[PDB]
Structure formats: structure tokens, C-alpha cells
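Have a look at the structure below, then the notes.
2 protein chains.
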Amino acid sequence: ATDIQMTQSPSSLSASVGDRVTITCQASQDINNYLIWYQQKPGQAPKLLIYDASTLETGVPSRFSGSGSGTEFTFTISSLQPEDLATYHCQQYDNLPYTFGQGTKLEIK
Amino acid sequence: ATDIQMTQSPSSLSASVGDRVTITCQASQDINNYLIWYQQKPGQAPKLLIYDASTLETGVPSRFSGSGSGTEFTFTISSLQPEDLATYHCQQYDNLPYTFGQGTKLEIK
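So, in C-alpha cells, the structure goes:
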């Protein structure tokens, strides 16, 4: 494919409450600044958390943060709360088709 | 797998130059009018054709059109030209993750 491949690392991860957790996302091609991070908990609507790589959405805790441009992006949770148990997916929207990562499954204990 | 499944039919097709061609896209859930059609030729970047189900993007041949709302969408080439040999894909952007169809590969007979 000339399709942009979004790959996330780690794919799975356990941490404890209070931990800073950082996960990563990699675009196979340059997607400039056009990257979403969303949170899927099971049977449930994805919550758009970051857009344009670095921009928090409204009513989104300041403990979440994205950064990066080009091909390397990063999602930090600065201090982990339990309501953070979620698969975190990345999604590019720079170039069709709009591909997304297989997720980082963030579990606890 | 509560992701929106985008389904296309036919998956390929051969038609003659001058023919009217109509291809369909089905969403597994209602996605309003938040549907793109795009064209993929091998080697080349995808070219957005239609957005919001029916709005034709600037510089796109007028013989292309889109219709439908909700779950059943349709794309039409009013009169087939040889350079329309490509695969035509639909893409939803109503809900994360933004999922897309495996395409209709159109050949010229």
C-alpha cells in the first residue's frame, strides 16, 4: 500500500496508579501535525483526547498530553488514575485513507 | 469490534468507455453524510473525489458523483473514460476510528 501505516509501541503494558506512562506512535510517512489520540474502553465511544498532535480537547484532563510532528508521536499520561484503564489508539487524518493504530492496551496491577 | 465496517460492492468490475458505472458503499452503523469517496491509482497518492457524501471536491471531474445518507451510499461515473481505471474507496469520518472500504477495482474492458 501507499497507505500510511500507524504502529504503536508498546502494544500492551501494565502500570500502577501514580505512574507516569508514555506510549508511542509511528507513521510510516510524514503526516505533519495531523494526529488524534483516542481512548477506547470496551463497548464504549472513543474519547478524542488530543488532536493536531499536541492539542488537548475540551474537558480533557491536563495530565494527558501528546507531542511530536512528522513521524514520531508520543502520548504521556503524567500521573495514572484508574479511570485511565483503556486501549489508547492513534489516528492520522493527514492523507486518505485515514489509518489508525492497533492500540496500546494499558492495564493495571 | 464496535468499529464501523465499511463494505463495498461490487469489489471489482469491468466496463466499457462511455458506460455509466454505479458502485455502492454500506456502513454497518449510521454515519450521516460523513462519507468520502476517493480514487487510488497504483503508485500515486489517493485523490479525494467527493466529501460529505455528495460534495464534489474542486478540480475533480464533474462526471463523478456521490449520493446517499445514513448507511447506504452510491458513487457514479456518468460516462466512463479510460483514465478512470483505478480503485474507488469510501471512507467514513463520523466516528473514531475512521474506517474505510477495501475498494471497487474498476477495469476497462
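Protein chains in written order, with the entry's author numbering: chain B, -1 to 107; chain A, -1 to 107. Ideal Cβ placement from N, Cα and C applies to all residues, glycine included.
Exposure label - residue 106 of chain B; buried when at least 16 CB within 10 Å:
exposed
With a Cβ-Cβ cutoff of 8 Å, do residue 36 of chain B and residue 94 of chain A count as a contact?
yes
Is residue 49 of chain A close to chain B? Criterion is C-beta to C-beta, closer than 8 Å.
Output row for residue 49 of chain A: interface = no.
State yes or no: is the C-beta of residue 15 of chain A within less than 8 Å of the C-beta of residue 104 of chain A?
Their beta carbons are not under 8 Å apart, which means residue 15 of chain A does not touch residue 104 of chain A by this criterion.
With a cut-off of 8 Å, does the C-beta of residue 98 of chain B fall near any C-beta of chain A?
With a threshold of 8 Å between beta carbons, residue 98 of chain B makes contact with chain A.
Terminal residues of the beta strand (DSSP E) in which residue 15 of chain A lies
Unbroken run through residue 15 of chain A: none, as it is neither H nor E.
At a Cβ threshold of 8 Å, is residue 68 of chain B touching chain A?
Using a CB distance cut-off of 8 Å, residue 68 of chain B does not count as an interface residue toward chain A.
Check whether the Cβ atoms of residue 101 of chain B and residue 86 of chain B sit closer than 8 Å, and answer yes or no.
The answer is yes: Cβ separation under 8 Å.
Name, in chain order, the residues that DSSP records as bridge partners for residue 33 of chain B.
B:90
So with CB distances below 7 Å, who are the chain B contacts of residue 0 of chain A?
41
Is there a Cβ of chain B sitting closer than 8 Å to that of residue 94 of chain A, yes or no?
yes
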